[PDB]
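For reference, the structure is listed below as structure tokens.
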Amino acid sequence: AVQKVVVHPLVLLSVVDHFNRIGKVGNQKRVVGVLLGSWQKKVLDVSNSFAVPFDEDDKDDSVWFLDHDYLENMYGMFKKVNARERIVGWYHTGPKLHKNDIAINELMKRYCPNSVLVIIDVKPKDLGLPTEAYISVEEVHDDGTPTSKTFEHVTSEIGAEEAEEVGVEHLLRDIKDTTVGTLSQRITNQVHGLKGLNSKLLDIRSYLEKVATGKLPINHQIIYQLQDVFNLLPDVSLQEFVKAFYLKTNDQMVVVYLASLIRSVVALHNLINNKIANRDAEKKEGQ
Amino acid sequence: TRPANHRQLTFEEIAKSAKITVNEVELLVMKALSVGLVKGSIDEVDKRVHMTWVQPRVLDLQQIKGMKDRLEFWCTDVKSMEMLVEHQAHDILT
Amino acid sequence: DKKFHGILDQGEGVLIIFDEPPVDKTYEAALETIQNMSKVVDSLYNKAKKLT
Amino acid sequence: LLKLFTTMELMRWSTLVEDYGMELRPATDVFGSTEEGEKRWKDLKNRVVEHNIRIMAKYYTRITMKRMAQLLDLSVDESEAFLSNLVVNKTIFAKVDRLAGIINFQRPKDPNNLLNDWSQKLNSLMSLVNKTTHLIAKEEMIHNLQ
Amino acid sequence: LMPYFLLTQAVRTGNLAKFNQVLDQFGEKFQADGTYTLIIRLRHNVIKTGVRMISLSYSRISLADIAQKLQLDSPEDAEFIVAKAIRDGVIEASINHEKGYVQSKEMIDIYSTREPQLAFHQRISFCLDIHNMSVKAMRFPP
Amino acid sequence: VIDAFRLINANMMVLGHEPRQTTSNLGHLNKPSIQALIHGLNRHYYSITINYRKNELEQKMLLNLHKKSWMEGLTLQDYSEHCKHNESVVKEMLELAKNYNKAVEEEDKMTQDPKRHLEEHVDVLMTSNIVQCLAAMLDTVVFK
């Protein structure tokens with residue numbers, strides 16, 4: 001398997017352009033293509049992508065026309081243009097999976113053993129990254145339950161080469177934020193972090209309510225992970241922690257107090273200089 | 001069953017649990033630690049055991065409902081403090 | 001003479017040995033900086049109270 | 001014997017001698033009792049004691065000297081001498097309050113270290129909840145399709 | 001201030017005779033300035049200062065010892081005086097009449113608590129206010 | 001550094017009519033590089049202004065590159081490294097304060113860089129310390 005996948009801004013923009021292109025030329029529920037990258041240990045780096053013609057029935061959910069001939073032709077073309085890139089996965093712009101995704105992944109695994117599916121949400125979210133990485137693993141469930149071929153989440157990240165990075169910075173210079181910690185921005189960052197934590201807790205809570213009422217089955221792995229969460233919750237009422245926390249707060253605040261004292265002294269010196277300059281100027285103007 | 005807030009367990013209450021006198025709860029906890037099920041420490045000076053890990057196991061619907069209630073409380077606290085902080089710093093948020 | 005970090009007790013007859021945490025250098029540097037700013041304030045007096 | 005000395009559990013010397021004393025009752029060393037140069041039995045006893053010390057230091061924070069002695073199968077003073085020798089050799093860390101016999105393996109707790117541990121717990125919690133929300137998104141986002 | 005130097009010496013010594021003689025000698029300045037009500041409230045706080053020092057340089061002193069050291073008539077009188085010291089908050093100490101001794105507040109290492117935070121908070125707010133006032137008073141005549 | 005170019009016609013150049021009409025104040029507003037001037041920025045060809053069609057969706061998806069996760073936002077900087085950095089900065093600030101006093105005293109007696117460096121150091125100290133303290137409180141009363 002593969003432990004991490006890092007997508008590139010070029011891939012992101014190609015996917016967005018493909019989806020917008022298909023939507024402009026006609027309403028559709030999804031758009032599909034292939035992902036070219038390179039392997040360095042179990043850290044896939046999706047450095048490029050390209051669309052492929054694709055349509056499916058929304059009702060039967062079992063009929064679709066991915067074009068393998070198109071796929072192989074353009075893969076060979078991109079191989080000619082640039083060598084060190086090989087089929088590593090496929091992407092689709094679907095907010096939800098479908099009963100076809102497994103069949104299309106079966107089709108792709110012929111081209112790649114460790115083919116990675118990537119769901120790219122052209123709709124801009126606000127909390128997490130727009131790309132989700134999945135891999136199809138089928139095995140005899142040690143849980144003793146019937147085994148069904150299904151995907152598995154793969155850690156995803158966004159990373160760029162120096163080329164794409166300079167390009168994106170030049171594009172974003174208008175709204176790009178300071179690449180340095182300014183107090184107001186840090187406070188806003190904490191607020192945004194609280195937003196994200198609240199949203200994640202709400203999602204987990206909704207799933208737990210669904211399971212408790214019974215609309216869904218129970219995932220032992222999910223229960224295990226939430227057990228680990230609740231068990232990993234810290235305890236902040238312990239005296240041997242309260243004392244240490246007070247000590248560190250006092251240290252930080254003594255540093256802050258010294259800083260403020262220096263800043264006030266400098267401000268007073270500046271005001272003294274301004275008063276002297278103003279009086280000298282007025283005296284000279286009068287005489 | 002014991003939450004992280006007061007996760008400290010005592011020799012006496014373990015004895016009131018599965019029938020054993022309090023001279024071998026130490027060995028029982030030792031076997032658990034060794035086989036790699038629970039993690040923590042044993043303070044027999046005060047006759048207590050501190051746990052900070054438990055091998056997760058499949059659970060029941062009532063247990064999941066209680067866990068849902070706990071997460072209700074946690075999420076409510078998170079939202080409350082988020083509102084507090086944003087309201088307080090409203091004049092510096094970018 | 002500070003040969004080892006411990007304090008006696010001639011009552012129960014004990015020698016409480018331990019490790020003394022290193023002196024926090026931050027409060028040091030802060031104290032000398034406070035002294036420097038005090039003498040800077042003296043200079044600001046000498047400027048203002050005599051030129052105004 | 002090898003399984004016991006490779007497993008992470010305390011084995012009482014009394015039980016081990018009432019189990020595996022067959023040696024020399026077979027093999028060529030560690031005699032149960034023999035000529036002086038080959039009565040290493042005492043060395044084996046010391047090895048059992050040292051293994052017990054290691055296990056206790058790994059799985060305790062405050063073990064009273066009485067309990068430590070009655071668990072190690074040595075007098076209180078003998079255990080004190082052995083533990084002091086280990087501490088001097090630097091093999092084990094253990095601070096002995098002999099006023100109340102409160103042998104403690106808890107290394108002094110720096111506030112830096114305590115808050116770093118708390119922050120690490122928080123980071124692990126956040127990563128775990130993020131991964132769980134991803135997995136649960138996939139779970140519901142597949143099954144509710146049915 | 002020499003008359004007040006004499007008064008301070010008399011109070012520190014705790015000598016009522018010296019207090020009375022200095023009061024009689026320097027009553028003139030006492031109308032000149034105005035302290036009589038305060039100067040009898042003095043005698044009050046003379047005994048108060050005695051008890052405050054007795055509690056300052058001790059941790060578990062007994063009522064009998066307090067009476068002996070303050071020359072108070074009775075241990076019950078000393079008990080009343082220490083209770084009034086509690087009123088004034090000038091000893092900040094407990095007491096136990098079951099055995100008859102005045103225990104003191106168990107002194108705590110005051111750095112793992114919010115007192116340093118509060119002090120630094122007041123000083124930081126003051127420094128910020130000075131900076132604000134300075135940068136506002138910065139003026140340009142044009 | 002990107003450029004767009006198109007050629008000029010020899011017949012028009014010889015006729016003298018300018019290679020490209022100028023009906024609006026646009027198109028200009030750009031300083032042509034001396035390199036291109038030498039290589040014929042006007043004798044043989046002419047430059048064209050380059051605009052970028054930055055859609056809002058593409059801008060968002062680009063932002064996603066360095067967008068910071070809520071983990072990063074709400075995490076705590078290591079306390080040991082934090083204390084070490086605080087000490088480094090405080091000692092440098094002490095030295096700068098000594099130099100600042102020397103400068104101000106000599107200025108007053110006779111009648112700056114130390115002040116600027118002192119301001120920078122005080123600002124960094126204040127921001128880092130306040131940020132970490134606030135994050136610590138947020139965490140300690142959000143996670144329990």
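Going through the structure tokens in order, the chains are called A, B, and so on, while each chain numbers its residues from 1 and the ligands are numbered from 1 in the order shown.
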Exercise. Step one, run DSSP on the backbone; step two, keep only residues of chain B assigned to helix (DSSP H, G or I); then write them as a count of residues only.
Key: 48
Practice problem: Please report as a list in words which residues of chain E come no farther than 6 Å from chain A, using only C-alpha atoms. | Solution: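 For chain E, the answer reads residues 112, 113, 117, 124, 127, 131, 134 and 138 of chain E.
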Quiz item: If you count only C-alpha atoms, which residues fall within 12 Å of region 77-87 of chain F, apart from same-chain ones fewer than 3 positions away, as a PyMOL selection string?
Solution: (chain A and resi 244-245+248-249+251-256+258-259) or (chain C and resi 24-30) or (chain D and resi 110-120+122-123) or (chain F and resi 71-74+90-94+121-122+124-129+131-136)
Selected residues written out with C-alpha atoms, as an mmCIF file, in the first residue's frame:
```
data_model
loop_
_atom_site.group_PDB
_atom_site.id
_atom_site.type_symbol
_atom_site.label_atom_id
_atom_site.label_comp_id
_atom_site.auth_asym_id
_atom_site.auth_seq_id
_atom_site.Cartn_x
_atom_site.Cartn_y
_atom_site.Cartn_z
ATOM 1 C CA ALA A 244 3.343 23.862 36.218
ATOM 2 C CA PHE A 245 0.839 25.732 34.066
ATOM 3 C CA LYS A 248 4.790 28.852 32.716
ATOM 4 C CA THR A 249 2.075 31.506 32.499
ATOM 5 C CA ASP A 251 7.200 33.256 33.044
ATOM 6 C CA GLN A 252 5.529 34.251 29.779
ATOM 7 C CA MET A 253 3.878 37.233 31.442
ATOM 8 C CA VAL A 254 7.140 38.460 32.964
ATOM 9 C CA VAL A 255 8.597 38.427 29.455
ATOM 10 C CA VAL A 256 5.533 40.306 28.194
ATOM 11 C CA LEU A 258 9.476 43.546 30.310
ATOM 12 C CA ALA A 259 8.620 43.959 26.629
ATOM 13 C CA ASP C 24 16.269 30.951 35.307
ATOM 14 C CA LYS C 25 18.453 33.176 33.136
ATOM 15 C CA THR C 26 15.390 34.989 31.767
ATOM 16 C CA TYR C 27 14.717 36.800 35.033
ATOM 17 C CA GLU C 28 18.406 37.709 35.164
ATOM 18 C CA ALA C 29 18.478 39.270 31.705
ATOM 19 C CA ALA C 30 15.176 40.972 32.524
ATOM 20 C CA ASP D 110 10.245 19.326 34.738
ATOM 21 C CA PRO D 111 7.316 21.682 34.030
ATOM 22 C CA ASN D 112 8.663 21.870 30.479
ATOM 23 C CA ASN D 113 8.400 18.088 30.187
ATOM 24 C CA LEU D 114 4.948 17.943 31.790
ATOM 25 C CA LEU D 115 3.479 20.579 29.487
ATOM 26 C CA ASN D 116 5.248 19.013 26.501
ATOM 27 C CA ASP D 117 3.594 15.692 27.343
ATOM 28 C CA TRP D 118 0.228 17.436 27.660
ATOM 29 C CA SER D 119 0.725 19.158 24.298
ATOM 30 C CA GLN D 120 1.732 15.847 22.712
ATOM 31 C CA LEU D 122 -3.421 17.143 22.541
ATOM 32 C CA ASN D 123 -1.666 16.778 19.181
ATOM 33 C CA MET F 71 -4.443 21.448 13.931
ATOM 34 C CA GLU F 72 -1.698 23.926 13.057
ATOM 35 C CA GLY F 73 -3.848 26.832 14.198
ATOM 36 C CA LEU F 74 -4.702 25.382 17.606
ATOM 37 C CA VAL F 90 15.726 38.655 25.912
ATOM 38 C CA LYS F 91 19.525 38.583 26.120
ATOM 39 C CA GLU F 92 19.857 40.202 22.694
ATOM 40 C CA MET F 93 17.348 42.810 23.885
ATOM 41 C CA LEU F 94 19.503 43.439 26.958
ATOM 42 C CA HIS F 121 12.708 42.491 19.482
ATOM 43 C CA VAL F 122 9.989 43.759 21.823
ATOM 44 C CA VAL F 124 8.429 39.643 18.443
ATOM 45 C CA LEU F 125 8.547 38.820 22.158
ATOM 46 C CA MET F 126 5.092 40.250 22.814
ATOM 47 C CA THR F 127 3.444 38.550 19.847
ATOM 48 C CA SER F 128 4.976 35.117 20.443
ATOM 49 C CA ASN F 129 4.322 35.090 24.189
ATOM 50 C CA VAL F 131 -0.046 33.909 21.129
ATOM 51 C CA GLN F 132 1.252 30.901 23.034
ATOM 52 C CA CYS F 133 -0.458 31.873 26.296
ATOM 53 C CA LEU F 134 -3.819 32.383 24.596
ATOM 54 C CA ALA F 135 -3.466 29.097 22.717
ATOM 55 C CA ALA F 136 -2.648 27.353 25.993
#
```
Practice problem: Write out as an MDAnalysis selection string which residues come within 10 Å of residue 1 (chain B) when counting only C-alpha atoms, dropping same-chain ones fewer than 3 positions away. | Solution: chainID B and resid 4 7 63
Convert the current residue selection to file output with N, CA and C atoms, as a PDB file, in the first residue's frame.
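That gives us again_18.pdb:
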```pdb
ATOM      1  N   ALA B   4     -11.583   9.598  32.194  1.00  0.00           N
ATOM      2  CA  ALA B   4     -10.249  10.138  32.430  1.00  0.00           C
ATOM      3  C   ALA B   4     -10.223  11.151  33.565  1.00  0.00           C
ATOM      4  N   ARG B   7      -9.881   8.690  36.731  1.00  0.00           N
ATOM      5  CA  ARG B   7      -9.470   7.364  36.289  1.00  0.00           C
ATOM      6  C   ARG B   7      -8.684   6.588  37.336  1.00  0.00           C
ATOM      7  N   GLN B  63     -23.913   2.098  25.596  1.00  0.00           N
ATOM      8  CA  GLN B  63     -22.610   2.716  25.801  1.00  0.00           C
ATOM      9  C   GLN B  63     -22.354   3.798  24.760  1.00  0.00           C
TER      10      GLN B  63
END
```
Quiz item: Out of region 44-119 of chain A, which residues get strand (DSSP E or B) from DSSP, as a ChimeraX atom specification?
Solution: /A:44-52,56,64,86-92,116-119
Quiz prompt | Proximal residues of chain F relative to chain B (only C-alpha atoms; 8 Å) as a VMD selection string | solution = chain F and resid 138 142 to 144
Contact check, chain A to chain D, at most 8 Å, counting only C-alpha atoms, closest pairs as a Markdown table:
```
| residue | atom | partner | partner_atom | distance |
| --- | --- | --- | --- | --- |
| A:96 | CA | D:141 | CA | 6.3 |
| A:97 | CA | D:142 | CA | 6.4 |
| A:98 | CA | D:145 | CA | 7.5 |
| A:152 | CA | D:135 | CA | 7.9 |
| A:153 | CA | D:135 | CA | 6.3 |
| A:200 | CA | D:133 | CA | 6.5 |
| A:203 | CA | D:133 | CA | 7.1 |
| A:204 | CA | D:133 | CA | 6.4 |
| A:207 | CA | D:136 | CA | 7.5 |
| A:216 | CA | D:143 | CA | 7.5 |
| A:222 | CA | D:132 | CA | 6.7 |
| A:225 | CA | D:132 | CA | 6.6 |
| A:226 | CA | D:132 | CA | 7.4 |
| A:229 | CA | D:125 | CA | 5.7 |
| A:232 | CA | D:125 | CA | 6.3 |
| A:233 | CA | D:125 | CA | 7.1 |
| A:234 | CA | D:118 | CA | 7.0 |
| A:241 | CA | D:114 | CA | 7.2 |
| A:244 | CA | D:111 | CA | 5.0 |
| A:245 | CA | D:115 | CA | 7.4 |
| A:247 | CA | D:111 | CA | 7.9 |
| A:248 | CA | D:111 | CA | 7.7 |
```
So that I have them on file, write out the residues from the current selection with N, CA and C atoms, as an mmCIF file, in the first residue's frame.
```cif
data_model
loop_
_atom_site.group_PDB
_atom_site.id
_atom_site.type_symbol
_atom_site.label_atom_id
_atom_site.label_comp_id
_atom_site.auth_asym_id
_atom_site.auth_seq_id
_atom_site.Cartn_x
_atom_site.Cartn_y
_atom_site.Cartn_z
ATOM 1 N N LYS A 96 -19.576 12.680 -3.723
ATOM 2 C CA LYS A 96 -19.933 11.398 -3.136
ATOM 3 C C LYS A 96 -19.424 10.276 -4.032
ATOM 4 N N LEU A 97 -19.097 9.136 -3.425
ATOM 5 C CA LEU A 97 -18.764 7.958 -4.212
ATOM 6 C C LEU A 97 -20.008 7.435 -4.922
ATOM 7 N N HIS A 98 -19.801 6.390 -5.715
ATOM 8 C CA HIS A 98 -20.873 5.735 -6.440
ATOM 9 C C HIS A 98 -20.539 4.255 -6.522
ATOM 10 N N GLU A 152 -10.154 2.550 1.183
ATOM 11 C CA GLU A 152 -9.591 2.898 2.480
ATOM 12 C C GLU A 152 -8.955 4.275 2.388
ATOM 13 N N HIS A 153 -9.185 5.099 3.407
ATOM 14 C CA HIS A 153 -8.662 6.458 3.387
ATOM 15 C C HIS A 153 -7.140 6.446 3.390
ATOM 16 N N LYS A 200 -15.637 19.363 13.293
ATOM 17 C CA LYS A 200 -15.309 17.941 13.368
ATOM 18 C C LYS A 200 -16.106 17.252 14.467
ATOM 19 N N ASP A 203 -19.657 16.722 13.294
ATOM 20 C CA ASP A 203 -19.782 15.619 12.343
ATOM 21 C C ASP A 203 -19.745 14.273 13.060
ATOM 22 N N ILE A 204 -18.778 14.099 13.965
ATOM 23 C CA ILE A 204 -18.701 12.853 14.720
ATOM 24 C C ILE A 204 -19.985 12.639 15.507
ATOM 25 N N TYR A 207 -22.785 11.388 13.273
ATOM 26 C CA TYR A 207 -22.636 9.965 12.984
ATOM 27 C C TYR A 207 -23.026 9.116 14.186
ATOM 28 N N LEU A 216 -27.631 3.262 10.616
ATOM 29 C CA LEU A 216 -26.359 2.794 10.087
ATOM 30 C C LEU A 216 -25.874 1.603 10.891
ATOM 31 N N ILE A 222 -14.127 2.409 13.995
ATOM 32 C CA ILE A 222 -14.561 3.746 14.392
ATOM 33 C C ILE A 222 -14.762 3.813 15.899
ATOM 34 N N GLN A 225 -11.402 3.954 17.541
ATOM 35 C CA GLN A 225 -10.735 5.244 17.416
ATOM 36 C C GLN A 225 -11.358 6.281 18.342
ATOM 37 N N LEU A 226 -12.689 6.322 18.423
ATOM 38 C CA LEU A 226 -13.321 7.273 19.331
ATOM 39 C C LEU A 226 -13.050 6.912 20.786
ATOM 40 N N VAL A 229 -9.746 8.370 21.426
ATOM 41 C CA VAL A 229 -9.880 9.816 21.613
ATOM 42 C C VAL A 229 -10.295 10.123 23.048
ATOM 43 N N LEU A 232 -7.719 9.439 25.503
ATOM 44 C CA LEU A 232 -6.573 10.324 25.387
ATOM 45 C C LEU A 232 -6.879 11.744 25.836
ATOM 46 N N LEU A 233 -8.144 12.068 26.087
ATOM 47 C CA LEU A 233 -8.468 13.364 26.665
ATOM 48 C C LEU A 233 -7.584 13.625 27.884
ATOM 49 N N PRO A 234 -6.976 14.803 28.006
ATOM 50 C CA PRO A 234 -6.144 15.089 29.178
ATOM 51 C C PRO A 234 -6.989 15.479 30.382
ATOM 52 N N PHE A 241 -0.214 19.476 37.557
ATOM 53 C CA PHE A 241 -0.268 20.153 36.269
ATOM 54 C C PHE A 241 -0.666 21.615 36.403
ATOM 55 N N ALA A 244 2.449 23.657 37.353
ATOM 56 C CA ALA A 244 3.343 23.862 36.218
ATOM 57 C C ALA A 244 2.764 24.877 35.245
ATOM 58 N N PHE A 245 1.458 24.796 34.991
ATOM 59 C CA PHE A 245 0.839 25.732 34.066
ATOM 60 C C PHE A 245 0.912 27.157 34.596
ATOM 61 N N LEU A 247 3.189 28.298 36.614
ATOM 62 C CA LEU A 247 4.586 28.701 36.505
ATOM 63 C C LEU A 247 4.902 29.201 35.101
ATOM 64 N N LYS A 248 4.479 28.451 34.085
ATOM 65 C CA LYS A 248 4.790 28.852 32.716
ATOM 66 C C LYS A 248 4.050 30.126 32.328
#
```
Quiz item: Residues of chain C within 12 Å of chain A, using only C-alpha atoms, as JSON, numbers by chain?
Solution: {"C": [24, 25, 26, 27, 28, 29, 30, 31, 32, 33, 34, 35, 36, 37, 38, 39, 40, 41, 42, 43, 44, 45, 46, 47, 48, 49, 50, 51, 52]}
Quiz item: Taking only C-alpha atoms into account, which of F:31, F:117, F:102, F:68 comes nearest chain A?
Solution: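 So, comparing all the options, the nearest one is F:68.
Here CA of residue 65 (chain A) is placed at a distance of 26.1 Å from CA of residue 7 (chain A).
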Quiz item: Leaving out residue 105 (chain D) and any residue of its chain fewer than 3 positions from it, which residues lie within 8 Å of it when counting only C-alpha atoms, given as an MDAnalysis selection string?
Solution: chainID D and resid 57 60:62 93:95
For the residues selected in the previous step, produce a file with N, CA, C and O atoms as a JSON list (two decimals), in the first residue's frame.
```
[["chain", "number", "residue", "atom", "x", "y", "z"],
["D", 57, "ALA", "N", 10.87, -1.15, 37.89],
["D", 57, "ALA", "CA", 11.16, 0.21, 37.48],
["D", 57, "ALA", "C", 10.38, 0.59, 36.22],
["D", 57, "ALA", "O", 10.05, 1.76, 36.02],
["D", 60, "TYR", "N", 6.22, 0.68, 37.76],
["D", 60, "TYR", "CA", 5.86, 1.24, 39.06],
["D", 60, "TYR", "C", 6.24, 2.71, 39.10],
["D", 60, "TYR", "O", 6.96, 3.21, 38.23],
["D", 61, "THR", "N", 5.75, 3.40, 40.12],
["D", 61, "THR", "CA", 6.19, 4.75, 40.42],
["D", 61, "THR", "C", 6.57, 4.88, 41.89],
["D", 61, "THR", "O", 7.45, 5.67, 42.24],
["D", 62, "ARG", "N", 5.91, 4.11, 42.76],
["D", 62, "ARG", "CA", 6.15, 4.20, 44.20],
["D", 62, "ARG", "C", 5.89, 2.83, 44.80],
["D", 62, "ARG", "O", 4.73, 2.46, 45.03],
["D", 93, "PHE", "N", 17.50, 3.86, 37.78],
["D", 93, "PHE", "CA", 17.21, 5.10, 38.49],
["D", 93, "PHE", "C", 16.10, 4.84, 39.50],
["D", 93, "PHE", "O", 15.02, 4.38, 39.13],
["D", 94, "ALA", "N", 16.38, 5.13, 40.77],
["D", 94, "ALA", "CA", 15.38, 4.96, 41.82],
["D", 94, "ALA", "C", 15.84, 5.75, 43.03],
["D", 94, "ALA", "O", 16.96, 5.56, 43.50],
["D", 95, "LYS", "N", 14.98, 6.63, 43.52],
["D", 95, "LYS", "CA", 15.29, 7.45, 44.69],
["D", 95, "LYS", "C", 14.58, 6.85, 45.89],
["D", 95, "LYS", "O", 13.36, 6.65, 45.86]]
```
Practice problem: Quick one: pull the distance between CA of residue 39 (chain A) and CA of residue 3 (chain A), Å, one decimal. | Solution: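 That distance, rounded to one decimal, is 11.4 Å.
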Practice problem: Could you please select, counting only C-alpha atoms, the residues of chain B within 8 Å of chain D and state them as a PyMOL selection string? | Solution: chain B and resi 30-31+33-34+40-45
What would the file look like if the residues just selected were written as a compact mmCIF listing (two decimals), in the first residue's frame with C-alpha atoms?
```txt
# COMPACT_ATOMS: atom_id res chain seq x y z
CA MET B 30 1.10 -6.48 36.21
CA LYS B 31 -0.18 -9.25 33.95
CA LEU B 33 0.46 -4.38 31.61
CA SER B 34 2.77 -7.15 30.40
CA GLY B 40 -0.24 3.38 33.37
CA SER B 41 1.33 2.81 36.78
CA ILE B 42 0.76 1.37 40.26
CA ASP B 43 1.22 3.45 43.42
CA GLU B 44 0.94 0.84 46.17
CA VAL B 45 2.22 3.35 48.75
```
Give one line per residue of chain A that approaches chain F to at most 8 Å, naming the two atoms of the closest pair and their distance in Å to one decimal, counting only C-alpha atoms; sort by chain then ascending residue number and deliver it as CSV.
```
residue,atom,partner,partner_atom,distance
A:9,CA,F:62,CA,6.5
A:12,CA,F:61,CA,7.0
A:13,CA,F:58,CA,6.7
A:16,CA,F:58,CA,7.3
A:122,CA,F:57,CA,7.8
A:123,CA,F:57,CA,7.9
A:124,CA,F:60,CA,6.8
A:127,CA,F:69,CA,7.2
A:128,CA,F:69,CA,6.7
A:129,CA,F:64,CA,6.4
A:130,CA,F:61,CA,7.7
A:158,CA,F:65,CA,5.6
A:159,CA,F:65,CA,6.6
A:160,CA,F:65,CA,7.8
A:168,CA,F:62,CA,6.4
A:171,CA,F:54,CA,7.5
A:172,CA,F:59,CA,6.9
A:181,CA,F:127,CA,7.9
A:182,CA,F:127,CA,6.9
A:183,CA,F:127,CA,5.3
A:186,CA,F:131,CA,6.6
A:187,CA,F:131,CA,7.0
A:189,CA,F:73,CA,5.1
A:190,CA,F:73,CA,5.2
A:192,CA,F:70,CA,6.5
A:193,CA,F:70,CA,3.9
A:194,CA,F:74,CA,7.1
A:195,CA,F:70,CA,7.9
A:196,CA,F:70,CA,5.6
A:197,CA,F:70,CA,7.1
A:233,CA,F:143,CA,6.8
A:234,CA,F:143,CA,7.2
A:235,CA,F:144,CA,7.1
A:236,CA,F:140,CA,6.6
A:249,CA,F:133,CA,6.7
A:252,CA,F:129,CA,5.8
A:253,CA,F:129,CA,7.6
A:255,CA,F:125,CA,7.3
A:256,CA,F:126,CA,5.4
A:259,CA,F:122,CA,5.0
A:260,CA,F:122,CA,7.5
A:262,CA,F:122,CA,7.3
A:263,CA,F:119,CA,6.9
A:266,CA,F:115,CA,7.5
```
Practice problem: Could you give me, as a PyMOL selection string, the residues within 9 Å of residue 48 (chain E), counting only C-alpha atoms and dropping anything in the same chain fewer than 4 positions from it? | Solution: chain E and resi 43-44+52-53+81-82+84-85+88+90
